[PDB]
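Enquirer: Residue numbers (the entry's author numbering), protein chains in the order written: chain C, 4 to 162, 167 to 238, 246 to 687; chain D, 4 to 162, 166 to 237, 246 to 687.
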Amino acid sequence: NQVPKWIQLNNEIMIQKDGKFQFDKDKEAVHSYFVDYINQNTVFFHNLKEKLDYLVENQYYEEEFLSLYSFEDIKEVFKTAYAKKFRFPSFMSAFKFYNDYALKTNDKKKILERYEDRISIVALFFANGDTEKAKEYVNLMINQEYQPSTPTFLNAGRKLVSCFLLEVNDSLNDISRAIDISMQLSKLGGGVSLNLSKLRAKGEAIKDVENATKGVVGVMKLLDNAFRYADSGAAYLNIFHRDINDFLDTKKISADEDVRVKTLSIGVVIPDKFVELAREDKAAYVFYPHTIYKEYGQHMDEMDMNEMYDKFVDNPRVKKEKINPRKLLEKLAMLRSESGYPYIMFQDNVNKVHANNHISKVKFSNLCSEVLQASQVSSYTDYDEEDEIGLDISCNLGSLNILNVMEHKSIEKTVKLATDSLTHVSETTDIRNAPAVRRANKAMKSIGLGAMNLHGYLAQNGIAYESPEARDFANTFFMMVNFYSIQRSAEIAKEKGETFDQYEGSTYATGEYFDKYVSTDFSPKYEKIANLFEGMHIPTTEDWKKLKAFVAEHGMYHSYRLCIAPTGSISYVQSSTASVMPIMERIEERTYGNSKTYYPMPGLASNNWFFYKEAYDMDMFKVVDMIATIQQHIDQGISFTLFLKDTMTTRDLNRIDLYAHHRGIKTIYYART
Amino acid sequence: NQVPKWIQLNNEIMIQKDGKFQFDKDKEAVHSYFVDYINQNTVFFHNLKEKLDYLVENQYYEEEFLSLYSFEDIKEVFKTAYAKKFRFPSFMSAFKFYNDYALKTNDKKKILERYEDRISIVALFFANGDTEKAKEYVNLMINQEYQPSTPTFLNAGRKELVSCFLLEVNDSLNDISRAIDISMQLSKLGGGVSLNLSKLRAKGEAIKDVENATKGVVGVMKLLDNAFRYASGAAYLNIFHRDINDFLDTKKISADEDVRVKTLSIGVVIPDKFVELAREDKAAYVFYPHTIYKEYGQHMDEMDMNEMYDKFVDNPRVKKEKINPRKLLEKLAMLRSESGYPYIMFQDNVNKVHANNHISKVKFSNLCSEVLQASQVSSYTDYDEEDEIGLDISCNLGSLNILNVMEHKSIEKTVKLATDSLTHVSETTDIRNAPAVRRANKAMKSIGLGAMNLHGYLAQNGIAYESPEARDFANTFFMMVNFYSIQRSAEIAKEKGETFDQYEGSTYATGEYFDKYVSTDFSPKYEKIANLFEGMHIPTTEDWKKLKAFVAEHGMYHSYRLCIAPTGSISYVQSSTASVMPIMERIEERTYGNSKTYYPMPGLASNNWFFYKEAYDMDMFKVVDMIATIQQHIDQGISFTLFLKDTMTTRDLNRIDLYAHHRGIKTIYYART
Ligand SMILES: Nc1ncnc2c1ncn2[C@H]1C[C@H](O)[C@@H](COP(=O)(O)OP(=O)(O)OP(=O)(O)O)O1
Ligand SMILES: Nc1ncnc2c1ncn2[C@H]1C[C@H](O)[C@@H](COP(=O)(O)OP(=O)(O)OP(=O)(O)O)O1
Ligand SMILES: Nc1ncnc2c1ncn2[C@H]1C[C@H](O)[C@@H](COP(=O)(O)OP(=O)(O)OP(=O)(O)O)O1
Ligand SMILES: Nc1ncnc2c1ncn2[C@H]1C[C@H](O)[C@@H](COP(=O)(O)OP(=O)(O)OP(=O)(O)O)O1
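1) How is residue 495(C) classed by DSSP in three states: helix, strand or coil?
2) Answer yes or no: the CB of residue 90(C) versus the heavy atoms of ligand 1, is any distance below 6 angstroms?
3) In chain order, which beta strand (DSSP E) runs of at least 3 residues are fully inside the segment 286–342 of chain D?
4) Going by alpha carbons, who is nearest to residue 273(D) out of 251(D), 459(D), 259(D) and 190(D)?
5) Could you tell me whether the segment 168–183 of chain C touches the segment 172–191 of chain D, where touching means 3 or more Cβ pairs closer than 8 angstroms?
6) Considering only DSSP beta bridges, list what residue 250(C) is partnered with.
7) Determine the extent of the beta strand (DSSP E) in which residue 79(D) is found, giving its start and end residues.
8) Measuring straight from C-alpha to C-alpha, what distance separates residue 402(D) and residue 449(D)?
9) If you follow the beta strand (DSSP E) that residue 614(D) is part of, which residue opens it and which one closes it?
10) Taking only beta-carbon atoms, is residue 179(D) less than 7 angstroms away from chain C?
11) Please state if the CB of residue 654(C) and the CB of residue 686(C) are separated by a distance shorter than 7 angstroms.
12) Give me the Cβ distance between residue 159(D) and residue 94(D), rounded to the nearest whole Å; I'm assuming they're in contact under 8 angstroms.
13) Determine the extent of the beta strand (DSSP E) in which residue 283(D) is found, giving its start and end residues.
14) Any beta carbon from chain D within less than 7 angstroms of residue 73(C)'s own beta carbon?
15) Spatial neighbours of residue 28(D) within its chain, please: C-beta separation below 7 angstroms, excluding the five flanking residues on both sides.
16) To the nearest whole angstrom, what separates the beta carbons of residue 1(D) and residue 438(D), a pair I think is in contact under 8 angstroms?
17) Quick one: is the Cβ of residue 179(D) within less than 6 angstroms of any heavy atom of ligand 4?
18) Please confirm whether any heavy atom of ligand 1 lies closer than 6 angstroms to the CB of residue 81(C).
19) Looking at residue 54(D) and ligand 2, is the gap between the Cβ and the nearest heavy atom below 6 angstroms?
20) Please compile the residues from chain C whose C-beta is within a distance smaller than 7 angstroms of the C-beta of residue 236(D).
21) Can you tell me whether residue 61(C) is buried or exposed? The criterion is at least 16 other CB atoms within 10 Å of its CB, across all chains shown.
22) Using the C-alpha atoms, what's the distance from residue 645(D) back to residue 101(D)?
23) Any heavy atom of ligand 3 within a distance shorter than 6 angstroms of the CB on residue 37(D)?
24) In chain C, which residues lie less than 9 angstroms from residue 191(D) when you measure between Cβ atoms?
25) Go to residue 634(C), then tell me how far its alpha helix (DSSP H) extends in each direction, as first and last residue.
26) Check whether the Cβ of residue 568(D) lies closer than 6 angstroms to any heavy atom of ligand 3, and answer yes or no.
27) Counting Cβ pairs closer than 8 angstroms, one from the segment 230–238 of chain C and one from the segment 327–344 of chain C, do we hit at least three?
28) If distances are taken between C-alpha atoms only, which option among 561(C), 541(C) and 548(C) comes closest to residue 529(C)?
29) Among residues of its own chain, excluding the 5 on either side of residue 442(D), which ones have a beta-carbon nearer than 8 angstroms to its beta-carbon?
30) Determine the chain D residues that contact residue 270(C) at a beta-carbon separation under 7 angstroms, and present them in chain order.
31) Does any residue of chain D have a CB that is nearer than 7 angstroms to the CB of residue 711(C)?
32) So what does residue 151(C) bridge to, in DSSP terms?
33) Determine whether the Cβ of residue 187(C) lies closer than 7 angstroms to any Cβ atom of chain D.
34) Under a three-way DSSP split, which group does residue 190(C) fall into?
35) Give every residue of the same chain whose Cβ lies closer than 6 angstroms to the Cβ of residue 634(D), excluding the five residues on either side of it in the sequence, and list them in chain order.
36) Measuring only the C-alpha atoms, how far is residue 652(C) from residue 463(C)?
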């Protein structure tokens, strides 16, 4: 019943020694943890050869790519991995990896893969042919300079993408196909979110008889029962719809028995016209979209609300409904004060900066509220009848540490390797049950790259989070990031000579995206910021012009490059902070079982106590301006999370909302208190 | 606010005039009803021609088959229909037809089709070419000698047609998707759809990689219960299964929130081995059927329990579970004492008399608990992968009056016409979303014929319901019915020369079904019974031998012929009793709205008060013996309904259950109290 030694040592840090914390004990706890639990459950082997032979003959490793080299080259790779003599810096830095991510045995009671093992297996998977490139991947990963995404880091060479985005056309057959594909992807563990734009609303005619449709709530009920069957997503909705009130009455603290969704989140799509009507204090008109489909032939949100709203008001054919926008934003503020639900996307900020609006305009987002790409709906006909295949969105992920990049200045080569890595991942991927995801993943070739560790590095260097210097720093940094990113994409496009489809329809072929960079140079405006990037080259606008010419030579290989995800579950292995959202508390406290695990933030010393500010004690406006400065280079959304208090006000909340709409923040997240 | 005249006249019957009822007022109420509500809402026309032209040009009648004759022949058919000068005998005899079944207008406020109209349209639909045959259908129907089934009587020549669907669910994710798809497809067609969950793996079991991963049968029931709420059937289960207790905990008066099915009924399949184990007071062993599928390759209920039960006990591979059968029948008696749920099928009584056991054995039944045919499961593979098509069951229905048959002695010609009618109906049927139903309905060609009006005719003639004379009467009657039925099937088989597939595999080609009729002649054993059939020919066993030879010449066209359904909703139009179940109460009382509609049973006079017995005051054993005498000629099940009282006993209930198992009653129904 006694608590073991390392947990007891980890509980020692809260003892006040001269008003401080016992940080130096922490390593000792880690030095306990590698003696009394880890090195007494590892399966023992003589050397490498039999080890790998035992790993093959019990159905663990996919033996194909592990047969495509010599034994000696793999031995050199493992030798390069063990030559680091790597150590962990913190207590959770081991515990989150040797409990869940690292490979266990069949009885789930022993440990096979060491920390070099998993990384070097990932390295040979990203190699696909070159030994020295695999060594480059090792030197990239073992210095914690790059982190692949969660399911890629898990399921490399065992028995892959955690983000799926679909559309539901309007038929019975379409709803059947949708529930089919959701149950298919549900066992694959990824993130699956739907959208209910083109559906007819409640109390409407079904092809023969008026007032026959049970509406959106029944489809939500079927999906809520549907995800309860397998190993949880969400759904979005554009606001110009009658049942939007019933779409928002689901998340309710006085929850109805039938109106009860504990699985799917919800979210609202809002263009500028509704914002205008809520500002100027006038009426609003939600519609019956099936009447619009009968009238104009197209669907509702496939046209501009700013161009067509009063024209639909003027049409006697479209049956309408008048409501109050201001009371509706008040109700949104109340429901976000309850939890923070739903999600919010401002599409006009997105499409006016989007490159690929010539295919379609972005209407929705994933569960992770980040990926904003084109989407064409399919049409699933009857059994012997053939179908028509639209386009879908499937985004594999991956971020990186800012800190080690700043330590080593190999940011270019880092992007060079990570781009090829995610390229080979999207090469490898295949799904054999949803054909539109198949066609789009072959077609669009969308990769997603981001970064964590913003708060901690700049807080450890002694720069406040609300400083303008950090905003200029992030501006110059992400400018150079996007620069080398497009540079590598153009290089690979020259290597293959095969861009994505309808490349001339993009703004990339015209250089309209490049028109921001031909002027308005992003040189550092502070000396202390300039000392940080001091020691390496920073490009000029003429370098952007040479880049524009080199793009105009061939083109770009990818259609999308960047994403920012709240990668907290693999934040702990990199032993760092979250992404760009600053930290909540200086000390995290968990109870694994009969235990009080005490996690300090990395870099917690006496001097930098003030730069480790608290999330409840910050200017939200400067945070939004930081995220807007970050937004200057990112194609997709940014995982912006609101940090609130009970003492705050929905007046101030909606002021922050309209402030972010005025700045141009794409999406937000669930709010915390 | 005043009650109209005819309802006030209909409420007059409960006034005691010399201790009697005001029967003679009732016709007066009917004579009121054709003056003050019906003949003041009929759309008025000059004559036939413009009438039909107006009916075409507003999308009511399917104009194809109504273009395949002359105008004059249709005029002769309508003239023959109006030449009857038909009247209704009772008050509900109009009210159940001019309120729901007869055709209304688009605003649902006026009446177009008269009572001749609907019948003669059905007549021309059954004609398909011959005017005189249509006149024969008129002379059949307008004397109330035959009644087609409910959706055929509704949707003839309008804007599917068979109210009975039976499916199977193979074991995959894809199969469950296909099952929910087909259920939602048939749900808008309004028919009866019931499933079966035999071949599914049970709760807490391995899903292909990881032990204890299956949520079990309850989640699939939850999905189906949500599924039918969107657009109502049932499902069956064989008892040798671990989750059978959880399969019976759904219908519970102390209902759980999650375990709550207000839509689907449930039912139990029981062979003789479990009956034996419950009698002899020993243990029982339910199984994990996926282990059996891994062991023997086949599925569980595709083999004999009597041959394999102890062999599965002897296998160490099959994981088992020991339970008490006697306490389980006690729990069944308790749950039937709660409501009467679930349903019960004794398959060994069925298969030992079934002709077509060479294809498969019957495992389940429909919602109406009557149709017991073969069923091969399909296998629904992935998207580009092709599937394999099994066999399904789809049974259109139809019964007849016994009374007018006894009045006119045209029983042979009646069967001659009704067989061709249901034949043409099964010709006409097509569904374009469930391919196995398509293939089976083309293949098996199963028709279903029955009869109502057993209790009332023999009660009006002055013969008690519990008499042996009625049992001999029904024996001789249904013997001759089945005789002429097989005679007409052989005639049509000679007409086409194309029997159903695998006809030589049947017992009909071998005459093993005919071996009962070569001896043991069913001559009437009472003089009073013999006077009823007196005046017409009754066949002999040598006539059965000639029938056997004529069958051996060609064969039989159909694989199934007979069914008995509780056709109460179209009992009222024929102005008669139900089918073979005797009546509950002598007077039915309903409240349409602010009203007390008082329905007397037909033939209610002072003399026959005693022969109109009450259902709570009868010998159940003689009822079961009556149904067993009826069972001597019917291939399918019989809609046997239990009539119980609160003063009765589950001891006596289970005694009746085992009594019916000893007699050989196929299925039972929900019990009433
Ligand atoms: N933080 C850590 N990360 C990884 N391994 C660790 C960590 N802490 C201890 N160990 C491992 C390494 C060794 O196998 C064992 C402890 O030996 P350790 O003292 O840490 O290495 P070392 O040999 O380089 O130092 P020393 O020479 O002082 O013994 O457990
Ligand atoms: N029985 C039903 N109950 C509820 N909703 C239904 C039902 N049947 C169909 N629907 C709903 C969901 C469908 O998306 C929508 C239309 O159904 P569906 O028949 O598949 O469209 P359709 O392609 O045949 O033609 P249309 O565009 O005129 O509706 O109404
Ligand atoms: N039970 C009924 N069934 C059908 N129609 C009826 C019924 N009762 C009354 N009517 C109809 C028939 C007529 O159109 C009208 C009533 O006339 P009705 O007296 O019944 O016929 P009738 O003309 O043969 O008798 P009578 O010569 O004595 O008037 O309503
Ligand atoms: N994620 C899941 N959650 C619950 N049940 C599942 C899940 N995935 C599959 N199943 C259930 C329902 C399926 O009928 C059953 C097996 O699934 P499935 O993969 O379709 O079978 P299979 O044809 O691929 O091979 P096998 O016969 O070995 O199961 O287990």
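Cβ coordinates follow ideal geometry from the N, Cα and C atoms, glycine included.
Expert: Judging by the given coordinates:
1) Taking the first residue of the first sequence as 1, we reach residue 495(C) at position 481. Correct three-state label for residue 495(C): helix.
2) Reading the first sequence from its first residue, position 87 is the one you call residue 90(C). Correct: residue 90(C) has its Cβ closer than 6 angstroms to ligand 1.
3) Listed in chain order, the beta strand (DSSP E) runs fully inside the segment 286–342 of chain D are 298–301 and 334–337, counting runs of at least 3 residues.
4) On the second sequence, position 259 is the one that residue 273(D) refers to. For the residues 251(D), 459(D), 259(D) and 190(D), the minimum Cα distance to residue 273(D) belongs to 259(D).
5) yes
6) Locating residue 250(C) in the first sequence gives position 236, counting from the first residue. Looking at the DSSP assignment, residue 250(C) forms a beta bridge with 202(C).
7) Residue 79(D) sits at position 76 when you count from the first residue of the second sequence. Not the beta strand (DSSP E): residue 79(D) falls in the alpha helix (DSSP H), residues 74–85.
8) Counted from its first residue, the second sequence places residue 402(D) at position 388. Counted from its first residue, the second sequence places residue 449(D) at position 435. Looking at the two C-alpha atoms, the distance is approximately 10 angstroms.
9) The sequence position of residue 614(D) within the second sequence is 600, counting from 1. For residue 614(D), the enclosing beta strand (DSSP E) starts and ends at 611–614.
10) Position 173 of the second sequence, counted from the first residue, corresponds to residue 179(D). Yes, because at least one Cβ of chain C sits closer than 7 angstroms to the Cβ of residue 179(D).
11) Position 672 of the first sequence holds residue 686(C). Position 640 of the first sequence holds residue 654(C). Cβ atoms of residue 686(C) and residue 654(C): not closer than 7 angstroms.
12) Counting from 1 along the second sequence, the entry for residue 159(D) is found at position 156. Counting from 1 along the second sequence, the entry for residue 94(D) is found at position 91. Incorrect: roughly 26 angstroms between the Cβ atoms, too far for contact.
13) Position 269 of the second sequence, counting from 1, holds the residue named residue 283(D). Start and end: 281–284.
14) On the first sequence, position 70 is the one that residue 73(C) refers to. With 7 angstroms as the cut-off, residue 73(C) does not count as an interface residue toward chain D.
15) Taking the second sequence and counting its residues from 1, the one referred to as residue 28(D) is at position 25. Answer for residue 28(D): 12, 15 and 16, listed in chain order.
16) As shown, chain D starts at 4 and ends at 687. That puts residue 1(D) outside it, with no answer to give.
17) Counted from its first residue, the second sequence places residue 179(D) at position 173. Yes.
18) Mapped onto the first sequence, residue 81(C) falls at position 78. Not so, every heavy atom of ligand 1 lies at least 6 angstroms from the Cβ.
19) Locating residue 54(D) in the second sequence gives position 51, counting from the first residue. No; taking the cut-off as 6 angstroms, the Cβ of residue 54(D) has no heavy atom of ligand 2 nearer than that.
20) For the purposes of this step, residue 236(D) is identified with residue 230 of the second sequence, where counting begins at 1. The contacting residues are 221, 225 and 229.
21) Counting from 1 along the first sequence, the entry for residue 61(C) is found at position 58. Its Cβ having fewer than 16 others within 10 Å, residue 61(C) is exposed.
22) Taking the first residue of the second sequence as 1, we reach residue 101(D) at position 98. Taking the first residue of the second sequence as 1, we reach residue 645(D) at position 631. Cα to Cα, residue 101(D) sits roughly 36 angstroms from residue 645(D).
23) In the second sequence, the residue the question calls residue 37(D) occupies position 34. Yes, since a heavy atom of ligand 3 falls inside the 6 angstroms radius drawn around the Cβ of residue 37(D).
24) Within the second sequence, the letter at position 185 stands for residue 191(D). What residue 191(D) touches in chain C: 179, 180 and 183.
25) Start at 1 with the first residue of the first sequence, and residue 634(C) comes out as number 620. From DSSP, the alpha helix (DSSP H) with residue 634(C) extends over 634–645.
26) Here residue 568(D) refers to the residue found at position 554 of the second sequence. Not so, every heavy atom of ligand 3 lies at least 6 angstroms from the Cβ.
27) no
28) The sequence position of residue 529(C) within the first sequence is 515, counting from 1. The shortest Cα separation from residue 529(C) among 561(C), 541(C) and 548(C) belongs to 561(C).
29) For the purposes of this step, residue 442(D) is taken as residue 428 along the second sequence, with counting starting at 1. Taken in chain order, the residues that qualify are 167.
30) Locating residue 270(C) in the first sequence gives position 256, counting from the first residue. For residue 270(C), no chain D residue has a C-beta closer than 7 angstroms to its own C-beta; the minimum C-beta separation is roughly 12 angstroms.
31) Missing from the structure shown is residue 711(C); chain C here goes from 4 to 687 and no further.
32) Residue mapping note: residue 151(C) aligns to position 148 of the first sequence, counting from 1. Answer is 412(C), bridged to residue 151(C).
33) Here residue 187(C) refers to the residue found at position 180 of the first sequence. Taking Cβ atoms only, chain D reaches closer than 7 angstroms to residue 187(C), which makes this a yes.
34) Taking the first sequence and counting its residues from 1, the one referred to as residue 190(C) is at position 183. In this structure, residue 190(C) counts as helix in the three-state DSSP scheme.
35) Position 620 of the second sequence, counted from the start, is the residue given in the question as residue 634(D). Correct list, in chain order: 670.
36) Numbered from its first residue, the first sequence carries residue 652(C) at position 638. Numbered from its first residue, the first sequence carries residue 463(C) at position 449. Rounded to whole angstroms, the gap between the alpha carbons of residue 652(C) and residue 463(C) is 12 angstroms.
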